[PDB]
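A look at the structure
This is what each chain is made of:
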Amino acid sequence: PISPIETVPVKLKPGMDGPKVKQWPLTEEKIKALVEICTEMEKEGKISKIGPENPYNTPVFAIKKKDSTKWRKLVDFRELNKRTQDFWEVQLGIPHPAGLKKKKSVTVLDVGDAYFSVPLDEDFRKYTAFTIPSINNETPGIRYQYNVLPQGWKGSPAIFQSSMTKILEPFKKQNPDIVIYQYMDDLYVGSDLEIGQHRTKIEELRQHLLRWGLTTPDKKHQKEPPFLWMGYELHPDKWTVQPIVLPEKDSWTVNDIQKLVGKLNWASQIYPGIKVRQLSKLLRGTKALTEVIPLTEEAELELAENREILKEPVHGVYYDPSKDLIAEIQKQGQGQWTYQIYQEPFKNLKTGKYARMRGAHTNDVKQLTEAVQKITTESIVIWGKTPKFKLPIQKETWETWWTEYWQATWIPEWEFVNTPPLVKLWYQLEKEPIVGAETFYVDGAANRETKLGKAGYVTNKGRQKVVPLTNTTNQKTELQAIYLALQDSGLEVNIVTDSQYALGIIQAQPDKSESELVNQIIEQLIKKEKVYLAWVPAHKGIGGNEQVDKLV
Amino acid sequence: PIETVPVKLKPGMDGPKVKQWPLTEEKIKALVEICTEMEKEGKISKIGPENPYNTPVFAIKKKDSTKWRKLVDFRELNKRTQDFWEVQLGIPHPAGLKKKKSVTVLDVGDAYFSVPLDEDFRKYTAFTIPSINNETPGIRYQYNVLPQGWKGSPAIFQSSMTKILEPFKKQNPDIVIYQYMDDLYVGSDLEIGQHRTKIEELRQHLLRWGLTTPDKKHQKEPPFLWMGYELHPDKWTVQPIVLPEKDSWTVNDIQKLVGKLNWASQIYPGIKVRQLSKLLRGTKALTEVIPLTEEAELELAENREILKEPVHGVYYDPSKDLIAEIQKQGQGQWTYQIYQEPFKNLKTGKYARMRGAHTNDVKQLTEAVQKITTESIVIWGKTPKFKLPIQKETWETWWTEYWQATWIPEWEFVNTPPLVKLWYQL
Ligand SMILES: Cc1cc(C)cc(Oc2c(CSCc3ccco3)c(C)[nH]c(=O)c2I)c1
Ligand SMILES: OC[C@H]1O[C@@](CO)(O[C@H]2O[C@H](CO)[C@@H](O)[C@H](O)[C@H]2O)[C@@H](O)[C@@H]1O
Ligand SMILES: OC[C@H]1O[C@@](CO)(O[C@H]2O[C@H](CO)[C@@H](O)[C@H](O)[C@H]2O)[C@@H](O)[C@@H]1O
Ligand SMILES: [Mn+2]
């Protein structure tokens, strides 16, 4: 820890100045612990006693390490962090296991004293000043300032990362073969070389890092495969998620649930069939982390299925750039889809689910297309290309649905997989009026205060009908009048409404809805042989429409 | 001497901090190459972690030399560096441009690369070539010269442009020359051959006395608009509202007609549906055929009349922005309206290409957007804000697959209501 690496210039935000937080003295031993820690640091160059001049100050403290012979210095830069300039945000994302490529040997190197090994911009040191209190309210206390990246400062992560990158730049160019992943203070070195030649290069890298003030592990690696990494378990030829453990409770809190779902979604990367619709449906209502929540019948029926799936262990495989990417998707049940991405029969790179409706009402095609989109984005992120899709829908089905759809959609090349349940259109509306079909003029109306309503129809055959409705809305009665017409008509019917709202819902051909009434209308539409739905401007003297408007 | 022009951001505004979109390994490899060279050439420089800004970069093809090209999305930076340069009283957009027989668009973006960029401003032009699967942190760079795509580039080069074009304009007083960002729009009423000849004199003039470089988009291969980018605005149509011509009308036909006419009434005051509705009196089967009355056509035919001459009492206001809505019409056809206030269309139009070999909705929409934007620039001097009838995610995934322009408009995503009916054709 004495790196000759050029420093990164740093600045306090515009207008602001150093922090002047007073140190509140403490324990006899705690001050002694600091002096001993700081004297050892001073010897190492990590910090330097500053003159009586002017450095500002940041509170210091000292803690019992989780081992009791050694104590730990601790600085609370919260105030400095606030006055310090923004930095290029360090990698918020993380490399996904199914994106790594097969390697014969992989070594893990931990940099030691990572931060304390990189120098701090000379001009910025003065703002890191701190003081360890005195014997006890007597002597002034000693003033110190950092000369290296302080363990809790804002710029330490990014500056360290960039310095590491620069240090590795020459080595990675003299070894286009070796791959190195940087993550925090860890370095994962992999290669397709003979265990003896590999171990060779590793020692090389080590000496290189060492000549730049970076110390790596002694047995050359305190690396023992499988590596437990970020909720993952990586083996030389496969990867999985670390031991998932679902808690059994009697009273579940909002907090208990969120934690459950989170873990479930994490299992979802490799465990096929995980579902979290109902457990989530039952969640964000309001944000009490502690407001106990009564477990729904479905939520428990869902939680049960999840437990069974998690019973037998599953693993994922690594990426082979040679072979290509394939994605398969299968419908599940009720707005739920699951998928897997692979290269070889029986070897999953990873799995996933798609349970987003994107609206009150939808249909399988439109949801299927969205699932394709999410996967495509994920594939590009993880592998850098799009996969070949295998979908439970025939070219005709999809072909029909979009030539008609008012929106623009697109799907990379795909293949029809005949493995029910297949995606399909349960009903299609006529594009022209039927001839020997009774024509129903429907209308619905509601009182905005009493919320009482009416729904009815008048047909050309002379039939009229009105039905009373309770606790309803204008829009709700409009859908109900249509439902009414469908119920009283034959296998073929022409329906005329003045509701753009009800038009828009049905003309979008939905096969499932969050609305109970819409699902009933849908059930009726499927029963029907031919249904032609039409719209006309309300209160415009259109015969048929005027008569029924006055009725309701 | 490095004569850089002091540039600053809008008061009380900080640089852009936009996230880089993940890119295909293919596009990443292209960017790495292009940047490695720009770096060797001194146009850009690697930056450190003390720079926190970011602007999205993309990799496109100007239609296939099988070359790649970098496209920086400075939409955010432009909005913070400039609606204040001297953004309102230099040479605003000329009006005869949309009346010329031929307007050729030439890319003069390579000029900028010569002028060094202001020291204190560079930091604000930082971008990131992404890594695949977060394997390594992205490669970060910032510009050392005026970047193509930034709205301050043309403004800072302005003086130099007007100086180079002087002689040329002094000898061709009947050629309008309008600049918009990275492009020059040259219009005339000459004959195609002369017009084209004259464009060639301009190119060579920029080349030799500019020691500026306009690319030579040699003439057509496939049948339509290929040399520079050859427009013919004097031939731009308007897609008026059309009412069906009928053999036999059914109750359902008149109902649809009354609905459309009713809707139109919010634009054309003269439209009337009185004598037309009377034929619907009574609750009849939609099929029932009904003879148009005598007063009907006296009303219908009168409507077709009003619906021919685009409305008036609609003026372009430069303080408000233009809005373009597009609707999928099927069969590779697309309609659109440019406006500023609902029901006050400055223009209406259509766009279509259905059966060449290779086309899909995204590609179509992508070309329609570039077509509308170009017409928009020619007619008003600015690009509009688009209300795209596609899903955000999808558009974001594929638009760069067919984008060829050097500029990028604002856009938002919408869900078109069944009024496509009130706009469709034949
Ligand atoms: C802790 C850790 C994290 C990551 C993201 C990669 C890594 O080593 C790897 C691994 C996996 S680590 C386990 C392993 C690989 C071989 C033996 O054991 C793979 C598949 N491919 C590589 O290119 C590298 I570098 C090791
Ligand atoms: O070509 C894939 C083909 O093999 C099957 C089994 O017949 O799928 C196997 O491999 C998948 C991933 O590699 C697993 O998700 C699946 O559970 C396993 O049976 C077929 O389903 C598939 O068509
Ligand atoms: O594509 C939408 C997406 O792009 C971002 C940048 O990542 O913003 C850009 O597009 C917006 C809409 O056109 C502009 O308002 C903005 O100037 C531009 O950067 C995202 O903000 C937006 O979600
Ligand atoms: Mn009504």
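Parameters at a glance
Residues numbered from 1 in each chain as written, not as in the entry; some residues may be left out. Chains lettered and ligands numbered in written order. Heavy atoms only, no water. Near = heavy atom within 4 Å. Polar contact = N/O pair within 3.5 Å; in protein donor to acceptor, adjacent residues only side chain to side chain. Areas by Shrake-Rupley, 256 points an atom, 1.4 Å probe, with all protein chains shown as cover. Nonpolar A, V, L, I, M, F, W, Y, C, P; charged D, E, K, R; others polar. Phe/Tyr/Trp six-rings, centres within 6.5 Å; stacked < 30°, edge-to-face > 60°. Helix = DSSP H or I, 4+ residues; strand = E, 2+ residues; numbered from the N terminus. Buried < 20%, exposed > 50% of the residue type's maximum accessible area, 1.4 Å probe, protein only. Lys NZ or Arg CZ within 6 Å of the ring centre and 35° of its normal. Contact = heavy atoms within 4.5 Å. Buried area = accessible area lost by both parts, 1.4 Å probe. Salt bridge = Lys/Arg side-chain N within 4 Å of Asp/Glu carboxyl O. Core = buried A, V, L, I, M, F, W, Y, C linked by side-chain atoms within 4.5 Å. Domains from an automatic or database assignment.

Method-wise, the PDB entry is recorded as coming from X-ray crystallography, at a reported resolution of 2.43 Å.

Residues and elements named next belong to chain A. Around ligand 2, the neighbouring residues are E328, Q340, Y342, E344, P345, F346, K347 and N348. Residue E344 places a main-chain N or O atom 3.5 Å away from an oxygen atom belonging to ligand 2. The contact in question runs from an oxygen atom of ligand 2 to an N or O atom on the backbone of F346, over 3.0 Å. Within the complex, 55% of the 490 Å² of free accessible area of ligand 2 lies under protein. Here the shell around ligand 2 is composed, by residue class, of three nonpolar, two polar and three charged.

Quick look at the packing of aromatic side chains now. Residues and elements named next belong to chain A. The final tally for this structure, using the stated rule, is 38 aromatic pairs over all chains. Seen from their ring centres, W398 and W401 are 5.5 Å apart, and the 45 degrees between their planes marks the pair as tilted. Linking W398 with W401, this pair stays in helix 9 (residues 395-404), spanning three residues, or about one helical turn. Of the two residues examined, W398 and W401, each falls in the buried class. Among the aromatic residues, those joined into a ring-pair cluster are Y183, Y188, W229, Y232, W239 and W266. Taking the ring centre of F130 as reference, the NZ or CZ of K73 above it sits at 3.1 Å. Lying across the ring of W426, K424 places its NZ or CZ 3.5 Å from the centre.

Turning our attention to the interface of chain B and chain A. Counting residues at the interface gives 54 residues for chain B, matched by 66 residues for chain A. Summed over both sides, the interface between chain B and chain A buries roughly 4,900 Å², with carbon and sulfur atoms accounting for 56% of that surface. A per-residue breakdown of the area chain B buries against chain A is headed by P49(B), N133(B) and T283(B), which together make up 14% of the total. In this structure, the connection of chain B to chain A is made through two salt bridges. Measuring nitrogen to oxygen at the nearest pair gives 3.9 Å for the salt bridge that ties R358(A) to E393(B). Applying the counting criterion to the chain B and chain A interface returns 24 residue pairs in polar contact.

Before going further, it helps to examine the nonpolar core. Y143(B), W150(B), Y185(B), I326(B), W395(B) and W403(B) are the most contacted members of the largest nonpolar core, which has 84 residues in total. In this structure, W150(B) is in contact with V7(B), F74(B), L77(B), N78(B), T81(B), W85(B), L117(B), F121(B) and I156(B), ignoring residues within four places of it in sequence.

What follows concerns the site of ligand 3. Residue and element names in this part refer to chain B. What surrounds ligand 3 is the set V18, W21, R75, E76, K79, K392, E396, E410 and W411. Contacts to ligand 3 include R75, whose side-chain N or O atom sits 3.4 Å from an oxygen atom. Contact between ligand 3 and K392: an oxygen atom at 3.1 Å from a side-chain N or O atom of the residue. Coverage of ligand 3 by the protein amounts to 72% of the 470 Å² it exposes when considered alone. Of all the secondary-structure elements, those providing two or more residues to the shell around ligand 3 are helix 2 (75-81), helix 9 (392-398) and strand 14 (410-413). Sort the elements by how many residues they give to the shell around ligand 3 and helix 2 lands first, with three residues. Broken down by class, the residue content of the shell around ligand 3 amounts to three nonpolar, no polar and six charged. No fewer than three residues from each of domain 1 (6-95 + 121-161) and domain 4 (317-422) sit in the shell around ligand 3.

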